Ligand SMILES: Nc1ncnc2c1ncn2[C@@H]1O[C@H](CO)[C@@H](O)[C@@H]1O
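Single chain ahead, by itself, as structure tokens, in the form deposited without the ligand.
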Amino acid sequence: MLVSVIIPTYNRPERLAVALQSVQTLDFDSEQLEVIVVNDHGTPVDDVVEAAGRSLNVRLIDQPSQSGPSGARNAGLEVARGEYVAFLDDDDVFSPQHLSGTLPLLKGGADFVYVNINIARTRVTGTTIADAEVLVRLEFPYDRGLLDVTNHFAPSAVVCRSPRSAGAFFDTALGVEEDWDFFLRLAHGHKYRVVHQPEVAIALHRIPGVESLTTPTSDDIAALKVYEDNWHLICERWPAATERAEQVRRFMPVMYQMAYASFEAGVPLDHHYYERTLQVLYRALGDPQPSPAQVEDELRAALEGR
């Protein structure tokens, strides 16, 4: 009744079990918690979910077709009983303080809370986040409209007042930045009151692999093209609610062009170039307004590695 956790999962049965165990080690009264696991028509997860059910009130929904992370999260939102919903992607983990650290804010009058994010480069558990290898963390306060510029967190970091009660859902046409579109839909479409909670963190696993052993393929260009396209899509859909954020939006195509040129020249970008761009854009939104040529230079240093 108090909290529903929504875990969409697709051919990751091993990682799903790590995510579910991180729910089992929540410091929380399990009487007030329901877990909804949504299999997006991948390989079965009944055994994983059966195991977690020994300690949790878990429900498995089997999608009859692969609909995407948007479709699968909606499947969970439609059936969620909790006053508040907490998203968890099957390859991230909660810290034990995930709900004890956010629920006071939601009950006190927030509708939307996001916590710090540790971008973990090695696989960790819910009780072992501090053991993660971490080069960058997403800990941006909510005082400059960075969210109006571009996405600076991920669903696993979000606890929010029931989107079904608001009639607010994920857009199934978006396969990338669907979460950004959704957060803007709550914040601007439904006037959710957003609050940052820096005392709580999750682990979001971004394990490097082969790409930095090879070079930019024409698929890094294809994927960025779709990212760029959806970014323009959502920008048109949700106008910035401040003129400063509206001006800083114009830096993202500058950054995209820099990225394309690098890819085309066969030169890889920093593995965290997006997150280093967040830091540049967060500065461009505040304090004294830097010049546009200074910011264009910082984007350069951000995409290089420095």
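Note that residue numbering begins at 1 and tracks the sequence as displayed.
FYI, the form deposited with the ligand bound isn't displayed, but the following is about it.
Within 4.5 Å of any heavy atom of the ligand in the entry with it bound lies no heavy atom of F169.
At least one heavy atom of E275 is located within 4.5 Å of the ligand in the entry with it bound. Taking the partner from the other structure, the ligand in the entry with it bound has no heavy atom within 4.5 Å of any heavy atom of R137.
Put simply, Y256 is close to the ligand in the entry with it bound: some heavy atom of it is within 4.5 Å. Interface residue among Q197, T150, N118, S95 relative to the ligand in the entry with it bound, by the heavy atom within 4.5 Å criterion: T150. None of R193, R81, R206, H190 but one reaches within 4.5 angstroms of the ligand in the entry with it bound through a heavy atom, and that residue is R206. Heavy atoms within 4.5 Å of the ligand in the entry with it bound are found in exactly one of 267-275, 240-248, 23-31, 44-52, that being 267-275.
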